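**Student:** Structure in structure tokens, see below.
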There are 2 protein chains.
Amino acid sequence: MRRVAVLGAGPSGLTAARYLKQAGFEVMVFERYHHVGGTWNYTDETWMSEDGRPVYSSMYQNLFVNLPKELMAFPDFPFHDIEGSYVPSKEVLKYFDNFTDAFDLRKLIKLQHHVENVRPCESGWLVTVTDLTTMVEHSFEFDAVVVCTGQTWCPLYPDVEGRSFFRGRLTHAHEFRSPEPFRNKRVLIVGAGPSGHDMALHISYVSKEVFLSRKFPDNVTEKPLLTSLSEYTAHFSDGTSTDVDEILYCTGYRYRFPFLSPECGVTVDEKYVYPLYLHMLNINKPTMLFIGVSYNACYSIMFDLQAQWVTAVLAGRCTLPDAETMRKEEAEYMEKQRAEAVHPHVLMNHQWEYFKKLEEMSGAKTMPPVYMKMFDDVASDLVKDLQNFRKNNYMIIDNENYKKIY
Amino acid sequence: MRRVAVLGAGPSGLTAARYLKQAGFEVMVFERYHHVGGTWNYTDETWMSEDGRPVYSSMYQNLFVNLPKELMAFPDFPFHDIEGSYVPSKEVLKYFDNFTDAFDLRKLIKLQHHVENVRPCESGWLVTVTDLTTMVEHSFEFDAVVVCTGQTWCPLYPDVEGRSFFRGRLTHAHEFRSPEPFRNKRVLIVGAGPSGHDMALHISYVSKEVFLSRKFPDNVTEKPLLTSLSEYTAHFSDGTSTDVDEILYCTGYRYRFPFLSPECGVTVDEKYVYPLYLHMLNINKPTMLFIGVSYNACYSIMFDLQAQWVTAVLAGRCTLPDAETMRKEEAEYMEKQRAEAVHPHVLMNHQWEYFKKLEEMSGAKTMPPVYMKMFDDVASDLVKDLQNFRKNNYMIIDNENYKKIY
Ligand SMILES: Cc1cc2nc3c(=O)[nH]c(=O)nc-3n(C[C@H](O)[C@H](O)[C@H](O)COP(=O)(O)OP(=O)(O)OC[C@H]3O[C@@H](n4cnc5c(N)ncnc54)[C@H](O)[C@@H]3O)c2cc1C
Ligand SMILES: Cc1cc2nc3c(=O)[nH]c(=O)nc-3n(C[C@H](O)[C@H](O)[C@H](O)COP(=O)(O)OP(=O)(O)OC[C@H]3O[C@@H](n4cnc5c(N)ncnc54)[C@H](O)[C@@H]3O)c2cc1C
Ligand SMILES: NC(=O)c1ccc[n+]([C@@H]2O[C@H](COP(=O)([O-])OP(=O)(O)OC[C@H]3O[C@@H](n4cnc5c(N)ncnc54)[C@H](OP(=O)(O)O)[C@@H]3O)[C@@H](O)[C@H]2O)c1
Ligand SMILES: NC(=O)c1ccc[n+]([C@@H]2O[C@H](COP(=O)([O-])OP(=O)(O)OC[C@H]3O[C@@H](n4cnc5c(N)ncnc54)[C@H](OP(=O)(O)O)[C@@H]3O)[C@@H](O)[C@H]2O)c1
Ligand SMILES: [Mg+2]
């Protein structure tokens, strides 16, 4: 391998570019937006941009992180000085802009370039991209392709009996930018994950009555599963019903890679991408790898170790089994996800053991154990104390210990 | 049989009230809007009103009728004497306001009364409505109920592969009010019926790229069946693709009667309501009848005759076949609908025979043959000229003859 394409310049693509560059590859990064940083960029556009391509960002106004900045920084690139552990979103954008300049990656990135197609070409890959400033299509040959285009832009909707009859306004979390369209409305939020809880909190400030349906301020009434809709009325599994003007679906996202031609060898289902080894390596075409298909983890460690493992594979330095053994282990792993009732690429129940395995394979520096200890202490605080957890401040003391500040 | 509910005060319900009153019934008409005339009222509201119930009107700005006023009038109540046959929609709303006052029907109509539930008790009916001026619920007992609530408000959408991936704006003909939101957009209209054709025309004045997809002005490009969608691209049955910002579905409407309790004995599917005899009588509960479930016909004659047949049945002047025989005839008729590849309640192919049967059963006067002559002729005009047909003017000379003026 010498020439490697990275698709996307969010946190996955930037961290890939860092380590691929480190490794002496010739790297090119394609990014459709006009700034690096991925979903940490806020735009008022939703769905499709005036520039003729999709909007990939689901960031909204006045968002604060849900994990302390101490766990969001890479172990060897600390956060810039800012007061507070639970920073606004624009500080994490700044952190990735600073990362990009600290590791001299900006000269690698083609901004406002939208990847339209990726297909195998003999032993290599052919990537077709449009320069959105000129609308000209350009073509590029690579020995390897690392896909880092994210999974929080293509919405997933529940199927709800009677939805076609509802005559209020329907929206999804992707398009939420501020609570203003919900002012004085009766709002049903479906899905009580991070988006549902946070959006419920932001909407509770402007709206008449907010309902949160899951299978808070006075404002927010909890509901069980939504089981049908009629013209202006939502019906719950508990037999109760409430009239609503707006439904906001916070039911998450599906995987979607429109540029992958079928010849790339990957099947993309709503919550499953296969066949990948360790959520990264395309077993059918092993010079294509993905970063960021797994989720629900300590993301800074996940990006850093995935990018080093992908780099080690491409550099010929990783301890890999044969394709048959990778298919077998992928199967075993996905049987276990079904037994634990989690989706295929959810790392939460075994992330530390997974990260240890990526370190052993790739020769990455061992993670400071304080990341594990702090994450395990604080990560579910959004669930446990939604209204006040962001008031807490932390400081890392050394690679084993942290403290809570006041 | 004395007290009869009519649900809806559009053309159906007003012609029902005319004949039920003349037969000495005590008639109450419930209408949710603040004015009679049904779809012929234009409102800027779409979907749901600020009064808390649905918007049933799909009328849009600057609409001109697609049938000459001389065929839109009842044979015994002529149109007012304005110049021109293809009048703007306000002249038809005026026609029905004039009709309402001619037959002294206004005193029977409870305006701003939205029907919420209809159920049988014993051989009569309980009808529950909300007076939207006070938000008080009221119920009333009746010996018969005539359902005239229309079928152009609950939208029907095609199932198109990949539709959940499209990120442009989707709308339905129901909410079309003016071409303004389509200005300088690449618009795909799906469905080349009257809304399709007419919407396309209206939209072609504000965008130079309209595509009309079917199973014209310069900038309307014809496309064949839409077979799949992706993020911003429509793909058609000829294997061509076009990028689009907006899709407008002109695919029609579905039956929907939210107020019918299951005990009323009617099953309502998208394009089929059953079991009805001759599109009117509820065979399970035969003091419930429908007017205007049938469509695609010379509507003036259809509403006049259905209302006189309903009145005959309810007054004991028309004695019907037993239920077994009605079910057998309904099943033979529906088999012929399928053989002719039309929807269950579509009358176009046999309307004159159908109307003659209704005249015979109901005791109504025979229709002027001029209606049939003219209707079949404008139908010929339709086979021609979306841009030009409305320039024609007609005058009825007598019972059998008309003449056209260019
Ligand atoms: C509302 C919200 C709040 C969040 N809060 C937090 C938090 O507080 N803490 C936390 O740790 N994580 C949080 N996350 C998760 C976080 O955003 C993701 O973990 C992180 O952004 C994933 O990085 P990525 O590089 O994999 O994807 P992304 O950040 O989504 O980046 C993908 C990049 O690919 C580009 N792209 C996509 N398709 C193409 C194409 N065809 N051609 C060219 N470019 C392309 C996109 O423009 C984008 O720049 C949040 C996510 C959301 C939606
Ligand atoms: C855009 C458009 C253009 C048209 N152009 C033509 C044309 O040029 N010529 C032509 O002949 N026909 C045309 N038609 C068809 C015409 O509108 C209908 O044939 C006619 O209005 C049907 O009369 P109706 O009384 O059956 O239904 P509607 O006119 O739809 O009336 C039904 C009534 O029931 C009321 N209602 C519904 N639900 C409830 C409830 N729960 N409680 C209380 N009230 C309720 C509604 O408010 C409405 O007043 C057009 C239709 C549309 C949608
Ligand atoms: N910084 C912040 O404050 C913030 C704010 C918003 C979002 N985010 C981030 O955004 C990313 C995505 O979060 P998300 O909340 O949008 O997606 P998510 O984490 O995928 O949560 C979606 C939730 O909806 C549930 N669901 C699915 N079908 C449902 C139904 N019919 N009724 C009710 N619930 C249903 C899911 O339950 P099942 O899993 O059981 O199906 C899941 O709990 C995460 O990284 C999160 O951290 C962060
Ligand atoms: N100018 C006017 O005064 C005016 C304007 C608008 C509407 N109208 C009236 O409004 C009423 C409703 O009209 P409408 O046009 O909205 O509904 P409609 O008459 O039911 O027409 C719907 C059309 O959609 C087609 N269709 C369905 N699925 C399709 C798909 N997947 N792709 C392409 N086409 C598809 C139908 O063909 P199939 O039947 O083969 O499925 C039919 O041609 C009519 O009385 C009409 O005259 C009048
Ligand atoms: Mg090691």
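Every chain in the structure tokens has a letter given in the order shown (A, B, ...), and although residue numbers restart at 1 in each chain, ligands are simply numbered from 1 in the order shown.
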Give me, as a Markdown table, the closest atom pair and its distance (Å, one decimal) for every residue of chain B within a cut-off of 8 Å of ligand 2, counting only C-alpha atoms and all ligand atoms, rows sorted by chain and rising number.
**Tutor:**
| residue | atom | partner | partner_atom_place_in_ligand_line | distance |
| --- | --- | --- | --- | --- |
| B:7 | CA | ligand 2 | 44 (N) | 5.9 |
| B:8 | CA | ligand 2 | 34 (O) | 3.5 |
| B:9 | CA | ligand 2 | 49 (O) | 4.9 |
| B:10 | CA | ligand 2 | 25 (O) | 3.5 |
| B:11 | CA | ligand 2 | 25 (O) | 3.9 |
| B:12 | CA | ligand 2 | 25 (O) | 3.6 |
| B:13 | CA | ligand 2 | 25 (O) | 5.5 |
| B:14 | CA | ligand 2 | 25 (O) | 7.4 |
| B:30 | CA | ligand 2 | 43 (C) | 5.4 |
| B:31 | CA | ligand 2 | 44 (N) | 3.9 |
| B:32 | CA | ligand 2 | 43 (C) | 4.0 |
| B:33 | CA | ligand 2 | 47 (O) | 5.2 |
| B:35 | CA | ligand 2 | 49 (O) | 7.9 |
| B:36 | CA | ligand 2 | 49 (O) | 6.1 |
| B:37 | CA | ligand 2 | 49 (O) | 5.8 |
| B:38 | CA | ligand 2 | 49 (O) | 3.1 |
| B:39 | CA | ligand 2 | 29 (O) | 3.9 |
| B:40 | CA | ligand 2 | 17 (O) | 6.1 |
| B:55 | CA | ligand 2 | 47 (O) | 7.3 |
| B:56 | CA | ligand 2 | 47 (O) | 5.3 |
| B:57 | CA | ligand 2 | 30 (O) | 6.4 |
| B:58 | CA | ligand 2 | 53 (C) | 4.9 |
| B:59 | CA | ligand 2 | 1 (C) | 4.4 |
| B:60 | CA | ligand 2 | 1 (C) | 6.2 |
| B:63 | CA | ligand 2 | 3 (C) | 7.2 |
| B:64 | CA | ligand 2 | 8 (O) | 6.4 |
| B:65 | CA | ligand 2 | 8 (O) | 3.1 |
| B:66 | CA | ligand 2 | 8 (O) | 4.0 |
| B:67 | CA | ligand 2 | 9 (N) | 5.3 |
| B:72 | CA | ligand 2 | 11 (O) | 5.7 |
| B:89 | CA | ligand 2 | 8 (O) | 7.6 |
| B:112 | CA | ligand 2 | 43 (C) | 7.5 |
| B:113 | CA | ligand 2 | 43 (C) | 5.7 |
| B:114 | CA | ligand 2 | 42 (N) | 3.7 |
| B:115 | CA | ligand 2 | 42 (N) | 3.8 |
| B:116 | CA | ligand 2 | 41 (N) | 5.9 |
| B:129 | CA | ligand 2 | 42 (N) | 7.4 |
| B:148 | CA | ligand 2 | 26 (O) | 5.5 |
| B:149 | CA | ligand 2 | 34 (O) | 3.6 |
| B:150 | CA | ligand 2 | 27 (O) | 3.6 |
| B:151 | CA | ligand 2 | 30 (O) | 6.2 |
| B:152 | CA | ligand 2 | 53 (C) | 5.3 |
| B:153 | CA | ligand 2 | 30 (O) | 7.3 |
| B:174 | CA | ligand 2 | 53 (C) | 7.6 |
| B:195 | CA | ligand 2 | 1 (C) | 6.7 |
| B:257 | CA | ligand 2 | 41 (N) | 7.5 |
| B:258 | CA | ligand 2 | 41 (N) | 7.3 |
| B:259 | CA | ligand 2 | 41 (N) | 6.5 |
| B:291 | CA | ligand 2 | 26 (O) | 6.6 |
| B:292 | CA | ligand 2 | 26 (O) | 4.4 |
| B:293 | CA | ligand 2 | 26 (O) | 7.3 |
| B:295 | CA | ligand 2 | 19 (O) | 7.3 |
| B:298 | CA | ligand 2 | 11 (O) | 7.1 |
| B:299 | CA | ligand 2 | 11 (O) | 5.6 |
| B:300 | CA | ligand 2 | 11 (O) | 7.1 |
| B:303 | CA | ligand 2 | 26 (O) | 7.8 |
**Student:** Any chance you could list, as JSON, numbers by chain, the residues in segment 35-201 of chain A that come up helix (DSSP H, G or I) when DSSP is run on the backbone?
**Tutor:** {"A": [38, 39, 40, 69, 70, 71, 72, 89, 90, 91, 92, 93, 94, 95, 96, 97, 98, 99, 100, 101, 102, 106, 107, 108, 163, 164, 165, 173, 174, 175, 180, 181, 182, 194, 195, 196, 197, 198, 199, 200, 201]}
**Student:** I need the chosen residues saved as a CSV table (one decimal), in the first residue's frame, with N, CA and C atoms.
**Tutor:**
chain,number,residue,atom,x,y,z
A,38,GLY,N,-16.6,17.2,11.3
A,38,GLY,CA,-17.7,16.2,11.2
A,38,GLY,C,-18.9,16.8,11.9
A,39,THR,N,-19.7,16.0,12.6
A,39,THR,CA,-20.9,16.4,13.3
A,39,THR,C,-20.7,17.5,14.3
A,40,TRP,N,-19.5,17.8,14.7
A,40,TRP,CA,-19.3,18.9,15.7
A,40,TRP,C,-19.5,20.3,15.0
A,69,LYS,N,-14.7,16.6,29.0
A,69,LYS,CA,-13.7,16.9,28.0
A,69,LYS,C,-12.4,16.1,28.3
A,70,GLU,N,-12.2,15.6,29.6
A,70,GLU,CA,-11.1,14.8,29.9
A,70,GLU,C,-11.2,13.5,29.2
A,71,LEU,N,-12.4,13.0,29.0
A,71,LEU,CA,-12.5,11.6,28.3
A,71,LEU,C,-12.7,11.8,26.8
A,72,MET,N,-13.0,13.0,26.4
A,72,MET,CA,-13.1,13.2,25.0
A,72,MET,C,-11.8,13.6,24.2
A,89,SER,N,-20.5,22.6,22.4
A,89,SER,CA,-20.1,21.9,21.2
A,89,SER,C,-19.0,22.7,20.5
A,90,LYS,N,-18.9,24.0,20.5
A,90,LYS,CA,-18.0,24.7,19.7
A,90,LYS,C,-16.6,24.5,20.3
A,91,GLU,N,-16.4,24.1,21.5
A,91,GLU,CA,-15.1,23.8,22.0
A,91,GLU,C,-14.5,22.5,21.5
A,92,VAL,N,-15.4,21.5,21.2
A,92,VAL,CA,-14.9,20.2,20.6
A,92,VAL,C,-14.6,20.4,19.1
A,93,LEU,N,-15.5,21.3,18.5
A,93,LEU,CA,-15.0,21.7,17.1
A,93,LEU,C,-13.6,22.3,17.1
A,94,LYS,N,-13.4,23.2,18.1
A,94,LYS,CA,-12.1,23.8,18.1
A,94,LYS,C,-11.0,22.8,18.4
A,95,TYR,N,-11.3,21.9,19.3
A,95,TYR,CA,-10.3,20.8,19.6
A,95,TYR,C,-9.9,20.0,18.3
A,96,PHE,N,-10.9,19.6,17.5
A,96,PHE,CA,-10.6,18.9,16.2
A,96,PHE,C,-9.9,19.8,15.1
A,97,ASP,N,-10.2,21.1,15.1
A,97,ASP,CA,-9.5,22.1,14.3
A,97,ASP,C,-8.0,22.1,14.7
A,98,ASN,N,-7.8,22.3,16.0
A,98,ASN,CA,-6.5,22.3,16.6
A,98,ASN,C,-5.7,21.0,16.4
A,99,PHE,N,-6.4,19.8,16.6
A,99,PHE,CA,-5.8,18.6,16.2
A,99,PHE,C,-5.3,18.5,14.7
A,100,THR,N,-6.1,19.0,13.9
A,100,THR,CA,-5.8,19.0,12.4
A,100,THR,C,-4.5,19.8,12.2
A,101,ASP,N,-4.4,21.0,12.7
A,101,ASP,CA,-3.2,21.7,12.6
A,101,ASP,C,-2.0,21.2,13.4
A,102,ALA,N,-2.2,20.6,14.6
A,102,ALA,CA,-1.0,20.1,15.3
A,102,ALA,C,-0.3,19.0,14.6
A,106,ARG,N,-3.9,19.4,7.6
A,106,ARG,CA,-4.8,20.3,6.8
A,106,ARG,C,-4.4,20.2,5.3
A,107,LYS,N,-3.1,20.0,4.9
A,107,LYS,CA,-2.6,19.9,3.5
A,107,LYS,C,-3.1,18.6,2.9
A,108,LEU,N,-3.5,17.6,3.7
A,108,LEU,CA,-4.1,16.4,3.2
A,108,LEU,C,-5.6,16.4,2.8
A,163,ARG,N,-49.7,5.4,11.4
A,163,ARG,CA,-48.9,6.6,11.1
A,163,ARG,C,-49.3,7.4,9.8
A,164,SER,N,-49.7,6.6,8.8
A,164,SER,CA,-50.2,7.3,7.6
A,164,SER,C,-51.4,8.2,7.9
A,165,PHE,N,-52.1,8.1,9.0
A,165,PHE,CA,-53.3,8.9,9.2
A,165,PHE,C,-53.0,10.1,10.0
A,173,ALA,N,-35.1,13.7,14.8
A,173,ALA,CA,-33.9,14.3,15.4
A,173,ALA,C,-32.9,14.9,14.4
A,174,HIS,N,-32.7,14.4,13.2
A,174,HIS,CA,-31.6,14.9,12.3
A,174,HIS,C,-31.9,16.4,12.1
A,175,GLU,N,-33.1,16.7,11.9
A,175,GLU,CA,-33.4,18.1,11.5
A,175,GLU,C,-33.7,19.1,12.7
A,180,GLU,N,-37.5,26.3,18.7
A,180,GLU,CA,-38.5,27.3,18.2
A,180,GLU,C,-39.7,26.8,17.4
A,181,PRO,N,-39.6,25.9,16.5
A,181,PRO,CA,-40.8,25.4,15.8
A,181,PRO,C,-41.8,24.7,16.8
A,182,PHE,N,-41.4,24.3,18.0
A,182,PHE,CA,-42.2,23.7,19.0
A,182,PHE,C,-42.9,24.7,20.0
A,194,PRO,N,-30.2,9.6,24.3
A,194,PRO,CA,-29.7,11.0,24.5
A,194,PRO,C,-30.4,12.1,23.8
A,195,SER,N,-30.9,11.9,22.6
A,195,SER,CA,-31.6,12.9,21.8
A,195,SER,C,-32.9,13.1,22.4
A,196,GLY,N,-33.6,12.0,22.7
A,196,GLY,CA,-34.9,12.2,23.2
A,196,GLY,C,-35.0,13.0,24.6
A,197,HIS,N,-34.1,12.7,25.5
A,197,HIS,CA,-34.0,13.4,26.8
A,197,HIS,C,-33.5,14.8,26.7
A,198,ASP,N,-32.4,15.1,26.0
A,198,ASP,CA,-32.0,16.4,25.7
A,198,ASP,C,-32.9,17.3,24.9
A,199,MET,N,-33.5,16.7,23.8
A,199,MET,CA,-34.5,17.5,23.1
A,199,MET,C,-35.7,17.8,23.9
A,200,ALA,N,-36.1,16.8,24.7
A,200,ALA,CA,-37.3,17.0,25.6
A,200,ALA,C,-37.0,18.2,26.6
A,201,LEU,N,-35.8,18.2,27.1
A,201,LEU,CA,-35.4,19.3,28.0
A,201,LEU,C,-35.4,20.6,27.3
**Student:** Please report as a PDB file with C-alpha atoms, in the first residue's frame which residues of chain A come no farther than 12 Å from chain B, using only C-alpha atoms.
**Tutor:**
ATOM      1  CA  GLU A  45     -29.261  23.546   6.745  1.00  0.00           C
ATOM      2  CA  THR A  46     -31.100  20.259   7.260  1.00  0.00           C
ATOM      3  CA  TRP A  47     -31.542  17.223   4.837  1.00  0.00           C
ATOM      4  CA  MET A  48     -30.036  18.782   1.765  1.00  0.00           C
ATOM      5  CA  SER A  49     -27.708  21.704   1.299  1.00  0.00           C
ATOM      6  CA  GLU A  50     -28.130  24.484  -1.293  1.00  0.00           C
ATOM      7  CA  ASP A  51     -24.876  23.036  -2.785  1.00  0.00           C
ATOM      8  CA  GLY A  52     -26.815  20.004  -4.044  1.00  0.00           C
ATOM      9  CA  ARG A  53     -25.656  17.265  -1.631  1.00  0.00           C
ATOM     10  CA  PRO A  54     -26.945  15.924   1.678  1.00  0.00           C
ATOM     11  CA  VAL A  55     -26.461  17.570   5.014  1.00  0.00           C
ATOM     12  CA  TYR A  56     -24.558  15.074   7.240  1.00  0.00           C
ATOM     13  CA  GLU A 116     -20.042   9.873  -5.115  1.00  0.00           C
ATOM     14  CA  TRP A 153     -27.424  11.367   9.417  1.00  0.00           C
ATOM     15  CA  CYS A 154     -29.762   8.798   7.789  1.00  0.00           C
ATOM     16  CA  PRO A 155     -32.812   8.614  10.080  1.00  0.00           C
ATOM     17  CA  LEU A 156     -34.470   5.416  11.310  1.00  0.00           C
ATOM     18  CA  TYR A 157     -38.189   5.606  11.998  1.00  0.00           C
ATOM     19  CA  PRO A 158     -40.257   3.132  13.998  1.00  0.00           C
ATOM     20  CA  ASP A 159     -43.225   1.577  12.199  1.00  0.00           C
ATOM     21  CA  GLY A 162     -51.814   4.244  11.792  1.00  0.00           C
ATOM     22  CA  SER A 164     -50.159   7.299   7.617  1.00  0.00           C
ATOM     23  CA  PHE A 165     -53.282   8.911   9.191  1.00  0.00           C
ATOM     24  CA  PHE A 166     -51.486  11.413  11.419  1.00  0.00           C
ATOM     25  CA  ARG A 167     -52.003  15.015  10.213  1.00  0.00           C
ATOM     26  CA  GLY A 168     -49.736  16.891  12.603  1.00  0.00           C
ATOM     27  CA  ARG A 169     -46.183  17.703  11.746  1.00  0.00           C
ATOM     28  CA  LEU A 170     -43.569  14.898  11.777  1.00  0.00           C
ATOM     29  CA  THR A 171     -39.919  15.495  12.165  1.00  0.00           C
ATOM     30  CA  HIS A 172     -36.819  13.472  13.094  1.00  0.00           C
ATOM     31  CA  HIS A 174     -31.641  14.859  12.270  1.00  0.00           C
ATOM     32  CA  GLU A 175     -33.448  18.130  11.532  1.00  0.00           C
ATOM     33  CA  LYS A 185     -47.243  23.152  20.685  1.00  0.00           C
ATOM     34  CA  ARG A 186     -48.267  19.824  22.221  1.00  0.00           C
ATOM     35  CA  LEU A 229     -51.641   7.144  15.674  1.00  0.00           C
ATOM     36  CA  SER A 230     -54.797   8.628  14.330  1.00  0.00           C
ATOM     37  CA  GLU A 231     -55.416  12.080  12.768  1.00  0.00           C
ATOM     38  CA  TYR A 232     -54.364  14.185  15.754  1.00  0.00           C
ATOM     39  CA  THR A 233     -54.092  11.684  18.539  1.00  0.00           C
ATOM     40  CA  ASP A 243     -53.839  14.853  21.333  1.00  0.00           C
ATOM     41  CA  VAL A 244     -50.624  16.213  19.808  1.00  0.00           C
ATOM     42  CA  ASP A 245     -49.595  18.786  17.174  1.00  0.00           C
ATOM     43  CA  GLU A 246     -46.023  17.583  16.564  1.00  0.00           C
ATOM     44  CA  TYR A 253     -30.185   6.444  12.725  1.00  0.00           C
ATOM     45  CA  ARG A 254     -29.396   3.761  10.246  1.00  0.00           C
ATOM     46  CA  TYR A 255     -26.201   2.914   8.365  1.00  0.00           C
ATOM     47  CA  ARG A 256     -26.057   4.326   4.909  1.00  0.00           C
ATOM     48  CA  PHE A 257     -23.055   4.467   2.458  1.00  0.00           C
ATOM     49  CA  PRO A 258     -24.558   5.528  -0.924  1.00  0.00           C
ATOM     50  CA  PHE A 259     -21.167   5.581  -2.569  1.00  0.00           C
ATOM     51  CA  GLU A 270     -30.182  -0.665   8.989  1.00  0.00           C
TER      52      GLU A 270
END
**Student:** Do a neighbour search on residue 371 of chain A at 9 Å with only C-alpha atoms, toss out local chain neighbours closer than 4 positions, and write the hits as a list in words.
**Tutor:** residues 70, 71, 75, 298, 301, 367, 375, 376, 399, 400 and 401 of chain A
**Student:** Find the spatial neighbours of segment 331-347 of chain B, counting only C-alpha atoms, within a cut-off of 10 Å - ignore same-chain residues fewer than 5 positions away - and output them as a CSV table (one decimal) with N, CA and C atoms, in the first residue's frame.
**Tutor:**
chain,number,residue,atom,x,y,z
B,271,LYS,N,-59.3,1.9,-1.1
B,271,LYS,CA,-60.0,2.2,-2.2
B,271,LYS,C,-61.4,1.4,-2.2
B,272,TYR,N,-61.8,0.9,-1.1
B,272,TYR,CA,-63.0,0.0,-1.0
B,272,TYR,C,-63.7,0.1,0.3
B,273,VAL,N,-65.0,0.5,0.3
B,273,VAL,CA,-65.8,0.5,1.4
B,273,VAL,C,-66.9,-0.6,1.3
B,274,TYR,N,-67.1,-1.4,2.3
B,274,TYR,CA,-68.0,-2.5,2.2
B,274,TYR,C,-68.6,-2.9,3.5
B,275,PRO,N,-69.8,-3.6,3.4
B,275,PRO,CA,-70.5,-4.0,2.2
B,275,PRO,C,-71.6,-2.9,1.9
B,277,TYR,N,-74.6,-1.6,-0.9
B,277,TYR,CA,-75.3,-1.8,-2.1
B,277,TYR,C,-75.4,-0.5,-2.9
B,278,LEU,N,-75.0,-0.6,-4.2
B,278,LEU,CA,-75.0,0.4,-5.2
B,278,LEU,C,-74.2,1.6,-4.7
B,279,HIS,N,-73.1,1.3,-3.9
B,279,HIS,CA,-72.3,2.4,-3.4
B,279,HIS,C,-72.9,3.2,-2.3
B,292,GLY,N,-71.7,10.0,-2.3
B,292,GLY,CA,-70.4,10.5,-2.7
B,292,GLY,C,-69.2,9.5,-2.4
B,293,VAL,N,-69.5,8.2,-2.1
B,293,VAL,CA,-68.4,7.2,-2.0
B,293,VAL,C,-68.0,6.9,-3.4
B,294,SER,N,-69.0,6.7,-4.3
B,294,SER,CA,-68.7,6.6,-5.7
B,294,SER,C,-68.1,7.9,-6.2
B,295,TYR,N,-67.3,7.8,-7.3
B,295,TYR,CA,-66.7,9.0,-8.0
B,295,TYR,C,-66.3,8.7,-9.4
B,296,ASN,N,-65.6,9.6,-10.1
B,296,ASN,CA,-65.4,9.6,-11.5
B,296,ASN,C,-66.6,9.5,-12.4
B,297,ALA,N,-67.4,10.5,-12.4
B,297,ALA,CA,-68.8,10.5,-13.0
B,297,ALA,C,-69.2,12.0,-13.2
B,298,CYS,N,-70.3,12.2,-13.8
B,298,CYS,CA,-71.0,13.5,-13.9
B,298,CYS,C,-71.6,13.7,-12.5
B,302,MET,N,-74.9,12.5,-10.2
B,302,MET,CA,-74.7,11.4,-9.3
B,302,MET,C,-75.2,11.9,-7.9
B,325,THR,N,-79.2,-11.1,-1.5
B,325,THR,CA,-79.3,-10.8,-2.9
B,325,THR,C,-78.4,-9.5,-3.1
B,326,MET,N,-78.5,-8.6,-2.2
B,326,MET,CA,-77.6,-7.4,-2.3
B,326,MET,C,-76.1,-7.8,-2.2
B,352,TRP,N,-74.1,6.0,-17.0
B,352,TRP,CA,-75.5,6.3,-17.5
B,352,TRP,C,-76.4,5.1,-17.2
B,353,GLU,N,-75.9,3.9,-17.2
B,353,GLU,CA,-76.7,2.7,-16.9
B,353,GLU,C,-77.0,2.8,-15.4
B,354,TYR,N,-76.0,3.1,-14.7
B,354,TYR,CA,-76.1,3.2,-13.2
B,354,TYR,C,-77.2,4.2,-12.8
B,355,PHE,N,-77.1,5.4,-13.5
B,355,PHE,CA,-78.1,6.5,-13.1
B,355,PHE,C,-79.5,6.0,-13.6
